[PDB]
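Chains A and B, in that order, give the protein sequences. First residue of the first sequence? That's 1053 in PDB author numbering, and the numbers climb one at a time after it. First residue of the second sequence? That's 93 in PDB author numbering, and the numbers climb one at a time after it. What follows is one structure encoded as structure tokens, with my remarks underneath.
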Amino acid sequence: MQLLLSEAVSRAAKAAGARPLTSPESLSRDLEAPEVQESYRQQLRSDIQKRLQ
Amino acid sequence: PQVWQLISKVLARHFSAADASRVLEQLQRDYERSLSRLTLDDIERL
């Protein structure tokens, strides 16, 4: 379980062997924006309660 | 709206189209695997 979407994507991009055309800092910055991170947090909470039942 | 839709747009903004989809699939597989390995301690770190 990764709490931060930016960390999950960084690990997925490395695993997939893909590098951004912008920069990894610009990509992370975008994924660390409060709205997108919270959407990720709420999706996770939802999926956890789906596992729990 | 949903987060996978948000993520899909962000990746398309930073990766080539082919790369963006591949990252997103890998992200979902990673995510799926983390759910399969979920523990009570993980939940409590939310």
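For every residue, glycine included, the Cβ atom is placed at its ideal position computed from N, Cα and C.
- By the neighbour-count criterion, in which a residue is buried when 16 or more other Cβ atoms sit within 10 angstroms of its Cβ, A109(B) is exposed.
- Excluding sequence positions up to five before and after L1079(A), its CB lies within less than 6 Å of the CB of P1072, all in the same chain and listed in chain order.
- The alpha-carbon separation between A1070(A) and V115(B) amounts to approximately 7 Å.
- If you look at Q1095(A), you'll find it in the alpha helix (DSSP H) that goes 1086-1103.
- Chain order gives the chain A residues near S108(B) as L1073, where near means a beta carbon separation below 7 Å.
- Counting C-beta atoms within 10 angstroms of its own C-beta, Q1101(A) has fewer than 16 neighbours from the protein chains shown and is therefore classed as exposed.
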